[PDB]
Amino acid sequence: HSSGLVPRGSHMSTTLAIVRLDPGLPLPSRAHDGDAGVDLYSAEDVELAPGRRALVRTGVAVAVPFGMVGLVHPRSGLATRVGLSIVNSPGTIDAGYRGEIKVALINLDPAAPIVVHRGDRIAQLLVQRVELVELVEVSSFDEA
């Protein structure tokens, strides 16, 4: 009945430890139930003239579980409306990283600068399993 009970269908759902390096920002959350991503905030004010990029602090650190990856995606609304993107998209956040998550925002508009404010939602963070593959070198795919 209350939300502290893990419902049967979410028994196996994983936890992500997070430190709010900038406690002034809300915890990242999912916009709606079942949303793939939790939105990351900007800790900072930044203006991007057309074509410029910035490495923007999000004020969070996370501990992606071993066997998993964090993935930093552009929001579609800002992408379409003003041409905001992420140079290294999808940003790859490794299980072992304990640093601050940073977003390499870029202005892909021709002519209009983008102003981002501290407390704006600038990206989305997903968490997926990844295959930590063992390479097997072969001389031909025949043999494999």
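In case it trips you up, residue 1 is the first one in the sequence shown, and so on.
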* Give the stretch, out of 131-139 and 20-28, with the larger mean C-alpha temperature factor in the deposited entry. => 131-139
* Structure fact -> Mean B factor on CA atoms, stretches 59-67 and 30-38, record says higher is 30-38
* From the list 98, 117, 52, 75, select the residue with the highest C-alpha B factor recorded in the entry. => 117
* Asked: In the PDB entry, which of 46, 82, 93, 105 has its C-alpha at the highest B-factor?
  -> 46
